[PDB]
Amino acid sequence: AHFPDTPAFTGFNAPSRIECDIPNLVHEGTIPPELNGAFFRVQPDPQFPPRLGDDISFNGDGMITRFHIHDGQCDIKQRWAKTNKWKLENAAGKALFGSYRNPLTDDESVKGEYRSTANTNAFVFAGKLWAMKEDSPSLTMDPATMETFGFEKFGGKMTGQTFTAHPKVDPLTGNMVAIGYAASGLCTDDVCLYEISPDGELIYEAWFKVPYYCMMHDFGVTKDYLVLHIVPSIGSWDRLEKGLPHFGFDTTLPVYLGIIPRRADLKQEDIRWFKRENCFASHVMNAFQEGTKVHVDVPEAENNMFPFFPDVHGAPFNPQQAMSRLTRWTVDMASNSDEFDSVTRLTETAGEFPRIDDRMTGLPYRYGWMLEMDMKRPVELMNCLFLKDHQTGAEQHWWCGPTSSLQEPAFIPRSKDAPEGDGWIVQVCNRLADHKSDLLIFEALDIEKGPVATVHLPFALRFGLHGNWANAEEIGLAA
């Protein structure tokens, strides 16, 4: 393959496209014998050179990595998420779909097809592996064989066009809670709220509209509510016609937080929109209710965090204003005005990729993990694992050293009934000087002493998005 000599395809961003199997990877330390399950994660990884001769990182085909941990050892299985895009281009031996979220650049032979790369999350639910991309229904796969099933449209009961890559699981019911924005077509202001039973059946789909079309990448879920931030990374057909990146950031637009009842009978009039001054937030650590208030914790930045989705008025990217810090947004459903109740920074540590013990989804919670960027460390990057204790305020930091960087952590509970945070953190470490990757295993509430096990991969993973642990019994692997 002749790939472009551009930053998105060279160095750490060289295409990999490895499908492989390796049991019993070389490792150091002690892998807890308690661990019996697998960590799934996804990397964008282009099957083919881009039609245009350049592209962005968020547009690579989804490649799924599975780390099966059992019997004190770690195995790897890596396979493509075989989206319709993947299959069609594989059959043709060439790229057919074009630029990011831009159907005007597709070959005529794939007009109307799902454009999903399934490259944003590798999520386990209802016995399936979900390879997810927010512009289409989710792909599903067999978590044991990692063969691909296809797109999940829930027996035709789903009528929206799209499905999130940030599903939540409500610990009260076991339901998956999801959204799908641009639900009636590209750049539309329609959004669907979905709930899926533990057995994988669509319970309900509820339609509503948002103040403006924008990237609705993540969201919060509480017992009663969908908690949906409206942040002006906006797109339009006009932008696509002019050859601009689909999304650009508009610093002049307000930010909203919508509180949307989790009800099949939802009507537009039931929704409250709170309004604040322009800022940027993408991910949600957790949301929860307190009396008539709703709290949601997000990494907040002063300005755009996506340089490839540039300022719509032509401003150059500002890295300092892109530094995000975990911040609590609080709104009161009983308040008279549309103002937030408060906006409270929770740490001065800069970071992203927030995570919790997902058994606390929608509930008051004590622990949050993040990828931290400590700019005071030597670099010879997201260079630390960070743990915040909301009860005491205490913070822990683990630095990966001066030639490495880190990927998103994922929490592994010790048992169904264990206390919050009782378990382990796993995360990929980019050993940049060695052009390889490690999988790190930490004791989840004692990270400053470093990982208790380091699993070496004999090759490099690419930049990853989201990932999740599932116990073996949930994914068809051995007891």
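The first residue of the shown sequence is 1; numbering continues from there.
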(message) Our gap detector needs a label for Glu269 to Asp270. Which class matches the unmodelled residues of the deposited sequence there: none, 1 to 3, 4 to 9, or 10 or more?
(response) none
(message) Highest mean C-alpha temperature factor of the two stretches 6-14 and 467-475, which is it?
(response) 6-14
(message) On mean Cα temperature factor in this entry, is 330-338 or 114-122 the higher one?
(response) 330-338
(request) Compare the CA B factors listed in the entry for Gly450, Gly37, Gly423, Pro46 and report the winner. (result) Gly450
(request) Could you tell me which one of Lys209, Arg263, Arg101, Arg355 shows the highest CA temperature factor in the PDB record? (result) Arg263
(request) Going by the recorded CA B-factors, say which third of the chain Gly53 sits in, lowest, middle or highest. (result) highest
(request) Compare the C-alpha B factor of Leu226 with those of the other modelled residues in its chain, then answer lowest, middle or highest third. (result) lowest
(request) Taking the chain's C-alpha temperature factors as the reference, tell me which third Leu439 falls into: lowest, middle or highest. (result) lowest
(request) Taking the chain's C-alpha temperature factors as the reference, tell me which third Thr344 falls into: lowest, middle or highest. (result) middle
(message) Could you place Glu28 in the lowest, middle or highest third of its chain by Cα temperature factor, using the values in the record?
(response) middle
